[PDB]
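Reviewing the structure listed below.
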Amino acid sequence: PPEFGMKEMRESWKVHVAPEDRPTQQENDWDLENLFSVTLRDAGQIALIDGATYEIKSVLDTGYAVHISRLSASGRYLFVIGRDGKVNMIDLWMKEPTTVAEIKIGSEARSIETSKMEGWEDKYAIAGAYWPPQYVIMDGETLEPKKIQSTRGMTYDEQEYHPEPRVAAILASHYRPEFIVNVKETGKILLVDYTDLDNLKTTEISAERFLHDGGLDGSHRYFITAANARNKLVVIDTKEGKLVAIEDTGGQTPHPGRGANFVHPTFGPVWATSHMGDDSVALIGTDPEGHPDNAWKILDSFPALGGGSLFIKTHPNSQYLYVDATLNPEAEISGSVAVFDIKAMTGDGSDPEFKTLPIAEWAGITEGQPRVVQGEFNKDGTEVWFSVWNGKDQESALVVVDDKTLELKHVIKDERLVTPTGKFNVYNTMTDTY
Amino acid sequence: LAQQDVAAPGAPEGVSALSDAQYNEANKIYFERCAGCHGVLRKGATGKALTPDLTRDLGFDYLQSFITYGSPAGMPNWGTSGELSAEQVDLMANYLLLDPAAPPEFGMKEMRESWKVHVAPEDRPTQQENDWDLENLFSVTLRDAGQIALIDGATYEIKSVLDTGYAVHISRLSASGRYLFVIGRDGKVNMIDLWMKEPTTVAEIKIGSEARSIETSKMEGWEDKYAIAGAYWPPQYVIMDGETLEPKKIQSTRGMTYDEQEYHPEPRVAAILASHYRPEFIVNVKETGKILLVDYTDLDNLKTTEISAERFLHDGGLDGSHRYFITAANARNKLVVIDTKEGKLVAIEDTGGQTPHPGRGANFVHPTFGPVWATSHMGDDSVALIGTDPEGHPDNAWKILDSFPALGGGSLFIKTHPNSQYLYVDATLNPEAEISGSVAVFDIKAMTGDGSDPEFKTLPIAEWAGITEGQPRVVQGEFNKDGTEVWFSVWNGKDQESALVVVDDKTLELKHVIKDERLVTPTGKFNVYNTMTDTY
Ligand code: DHE
Ligand code: DHE
Ligand code: HEC
């Protein structure tokens, strides 16, 4: 299998608009923090959609099948990475936002993130690849590749050499000027300090194998991530740079996305995950100072719509916990979302009731069996969007739900809305509000 | 790797096959004679890459000719020297066209299988039980015999000859001076308890297929806690329990080159030192040009600093203050300086010489320049001095202050001691026997740093030993604990007579010659006190 190093990255690196030629203030009249960046998967595009008016402001060409959008800490720069390893950086301040720089970082990739420590706004971006097993730290204004690190190495437990440790989720610390890198097959979480790329400080945390996705707790101090194939949640303290806990969720194949933080009426601050392998939702306590007896313990587990869930969501202004069932084989389940009333949760051991929102039905799609995927809130936390993902030559939609009432707010359809998948609100992504 | 039996791969289009016997004969030759320059994976090191994609384009005739006649640039003439028969030359040319099967990894399971604790810590002495002066003992490698000799520093008596791994490369001592660690070139580590009535190996372990370095934890408070070993093959280092040798943490060194940032599949671990400022090991990774500062305070949440340095890192030493690590990036003629307190690169300087080879080097206070560290060179006769005092001699710090000739090229080791006024330089690999069997000695007190070249006295070490027979090569000065006597090895072949020569440092005259039928191929010598304390 071919390697992909600095020479290869630099050959693919193009700066379309140099920093000095970009605006010094916002030159369009858009409401950038309420904008949604929506993947148009099979079109190799993204749509920038007004969070209040639902107007598609622009459709931009990107790498094929963008996996996620991430925002710089200032909210000015939009970063997307295709599954092919192509990264595009877009300047939202331009009169007509477009790609200002691009680069290829490997042959297979899923993650990108921006520096989020106070004082390091817009300084760096980082991308992780499945192939070659590596991550790369890039300049936050130009995408210049600055530091490439191989993730080949020893497994944490058996301590045997692994020739293919894929980089899974990448998050950014709010406590130290560090990136948080999950290395799947070796079961290591890397805390990479970007204050000095020549004298590179890292903390390689032995965790659990099969690390995938995860998120920070409400305080933004603790990183909670799924070692999915081992059904565990690994907790690392980003302030102290150390593993704090590893706990089994009781479910099969936890798949949080970035997860859902909320204040449980009985348990206090918790983070929740749903599962791909069963219908369960698990809650872990996230407050060692205030609720020490509940911290890092699995406090409750209860059913949602069905197996094949990918994303769980809430917002500080919402009383609701939304859970999709995207990969369920049954169209009636994959086309709907479960919604729990957080205010009604007692943690008495019973199974909280949920309301079933018929999201695909609300979108009115005649053909196929579209899959509903990934709740994402607007900046005010008053509306939540879901993608109604159908095939490239079929009819898809976005469905906007009024969070206060749980009623349909708006259906977004456009001929350009091809295979809509991930949706990222600028404000909630730049601030890690989830 | 050479003694490992492998399967003969089939031959693809346009290539001819080798029988099982032919392929195993070629494979043994490759690892015994070629991999040291061309790499275990055939990706190239001193010698060019020899992977099938490249060799199949060169063709059989080209390969056969190069192996037969060699070249002036460093590739031996295997065929015309008679080292390889005509049939073996062809076997190698054919072998290089065939796909190399993956060399064996050597992880935790394999290390633990090889790990033996002969005397549990609980069953060992609680105080020194022999009457030896351990701090003045010397641990001497008997290379080709796979042994070491423990020799009394004052009486010159061989106290014991212990069996170890083959061709021990160096001896290192725990910070307390109790435990003696040795590592053979095949990756075998032996730990010896010097407090026993009859010191012997108390624990042993294998850490790889090919290795050169071992070191002990030297941060105050961490005495005897850990040992670390580095391998050439697999490209990895391993931190082990300082009392039992239990393997605790194995780290691969495969990774990206610091400058071109390209993946390198075989970055060999070279020198390993121990910080006196932090609870860290200092690990040189040759091919990627990275110096790793590895914090052993927490092996689960492992903190490291990966310092971009210069490719071809090999050996080096700490300055007199034990704060700065000065190491040779030998093929690029540079010295790299790292601050172990702050954990950062502070300088990279060309020595003006070809292939600096300091060993741990030589620290002294130059009468006019201030604190300096010295290195000699394999590729020329020069001795270079670098300033090591950023606070007290600021303009001189990390600058090459002087460069002057010694006996000739082929130097490996330079040496001094705080109680000596002399700087000793060998010339082990010089082609001239008169030079290779002698050492140059400079008088530090007479150095003026006026730009002229300091004179040196030539000590005829091999002649003093009474050895001319065969090919005696003098190597590596090592002082006793008091810094009053300096020893040199007279390294002859295994079927020839060798010796150790003890020089009186005050008079620069012969003191004593150590000879013994057991003293086979004596190479490295390490005094317990000077090694435990990094006094050089
Ligand atoms: C490593 C990884 C992350 C974390 C990214 C980060 O931290 O920036 C992630 C996040 C994501 C997120 C992040 C949501 C969030 O709110 O953070 C989304 C929307 C997403 C949509 C999909 N992912 Fe994802 N995803 C993979 C990997 C990943 N997905 C796969 O290896 C996998 C299993 C298979 C694959 O074919 O790629 C897979 C399938 C999917 C989907 O089928 C989705 C729905 C669409 C698609 O194009 O493949 N993945
Ligand atoms: C990586 C390395 C170190 C640092 C050790 C540490 O930090 O603990 C070192 C040190 C050393 C030291 C350390 C002396 C000191 O005072 O620190 C000695 C005596 C030594 C005797 C030899 N070395 Fe050495 N040496 C190699 C590697 C190394 N040698 C080789 O790859 C090389 C070039 C070729 C080889 O075949 O091994 C090589 C040839 C030699 C010799 O020919 C010597 C004289 C004998 C021998 O067995 O090969 N090496
Ligand atoms: C270090 C001293 C070496 C040893 C031992 C061996 N080789 Fe070598 N080889 C070395 C160098 C520095 C070079 C570069 C070419 C030059 O001009 O010196 C080479 C080259 C070869 C080649 C040619 C490759 C090419 O030209 O692309 C071959 C086929 C080769 N070497 C084979 C080879 C074999 C089979 C060896 C074991 C018997 C061997 N080399 C030992 C350095 C060194």
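Computed on the range B:37-93, with alpha-carbon pairs under 8 angstrom and 6+ residues apart, the relative contact order is 22 percent. For B:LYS515, the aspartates and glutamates whose Cα comes closer than 16 Å to its Cα, not counting residues fewer than 8 places off in the same chain, are B:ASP152, B:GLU157, B:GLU463, B:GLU469, B:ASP495, B:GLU497. Applying the criteria of a DSSP loop state and at most 11 other Cβ atoms within 10 Å to the GluC sites (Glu not before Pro) of the range B:428-513 yields B:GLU455, B:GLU469.
Is the C-alpha gyration tensor of the range A:26-183 telling us rounded, prolate or oblate? Criteria: a/c under 1.5 is rounded; beyond that, a/b larger than b/c is prolate, otherwise oblate. Prolate, because a/c is 1.5 or more and a/b exceeds b/c.
Under 8 Å for C-alpha pairs, at least 6 residues apart: give me the relative contact order for the range B:5-104, rounded to a whole percent. Numbers along the way, then the final one.
On the way: 118 pairs, mean separation 30.9, N = 100.
It rounds to 31 percent for the range B:5-104.
Pairs of Cα atoms nearer than 8 Å and 6+ residues apart set the relative contact order; for chain B it is 9 percent.
Sorting B:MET111, A:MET276 from the fewest to the most surrounding beta carbons within 10 angstrom yields A:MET276, B:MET111. The residues neighbouring A:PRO132, those whose beta-carbon lies less than 12 Å from its own, together hold a net charge of -1 under the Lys/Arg +1, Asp/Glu -1 convention. Legend: ranking of residues A:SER173, B:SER321, B:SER489, A:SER37 from fewest to most surrounding C-beta atoms inside 10 Å; resulting order B:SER321, A:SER173, A:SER37, B:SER489. Per residue, chain A reaches -1000 deg cm²/dmol at 222 nm when only DSSP H runs of four or more residues are counted, each adding -39500 (n - 2.57). Classify the range B:5-104 as rounded, prolate or oblate, taking a ≥ b ≥ c as the square roots of the eigenvalues of its Cα gyration tensor: rounded when a/c is under 1.5, otherwise prolate if a/b is larger than b/c and oblate if not. It is rounded, given that a/c, with a ≥ b ≥ c, falls under 1.5. Pairs over the 28 Å Cα-Cα cut-off, from the set A:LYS7/B:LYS344; B:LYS399/B:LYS525; A:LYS86/A:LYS239; A:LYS239/A:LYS423; B:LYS334/B:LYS506: B:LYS399/B:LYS525; A:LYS86/A:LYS239; A:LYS239/A:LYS423; B:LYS334/B:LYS506.
For chain B, the longest principal axis of the C-alpha atoms and the axis of helix B:60-69 are separated by about 30°.
Under the shape rule built on the C-alpha gyration tensor, where the axes satisfy a ≥ b ≥ c, the range A:63-117 is oblate, since a/c reaches at least 1.5 while a/b does not exceed b/c.
Grab the beta carbon distance between A:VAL244 and A:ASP21, set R0 = 35 Å, and tell me the FRET efficiency rounded to 0.05. Efficiency, from the Cβ-Cβ distance: 0.15. Tell me the angle of helix B:20-29 to the major Cα principal axis of chain B, expressed in degrees between 0 and 90 and rounded to the nearest ten. Taking the Cα atoms of chain B, the angle to B:20-29 is about 30 degrees. What's the angle, to the nearest 10 degrees (0 to 90), between helix B:86-97's Cα axis and the longest principal axis of chain B? With rounding to tens, the tilt is 80 degrees. Simple spin-label estimate for A:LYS343 and B:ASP482 gives 9.0 nm between the two label positions (7 Å along the Cα-to-Cβ direction from each Cα). For the range B:403-439 versus the range A:127-202, the inter-centroid distance based on Cα atoms is 46 Å.
Across peptide A:159-165, the average count of Cβ atoms from other chains found within 10 Å of a residue's Cβ is 5.
Less than 13 Å Cβ to Cβ from B:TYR422, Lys/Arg counted +1 and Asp/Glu -1: what total charge do the surrounding residues give? Walk me through the intermediate numbers first.
Details: positive: B:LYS415, B:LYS445, B:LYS457, B:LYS506; negative: B:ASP443, B:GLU455, B:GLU485, B:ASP504, B:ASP505, B:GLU509.
Every neighbour counted, the sum reads -2.
Legend: ranking of residues A:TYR194, A:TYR175 from fewest to most surrounding C-beta atoms inside 10 Å; resulting order A:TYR175, A:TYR194.
Cβ sites come from the backbone with ideal geometry, for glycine too, and all protein chains shown count toward neighbours. Coordinate-derived values only; no laboratory data.
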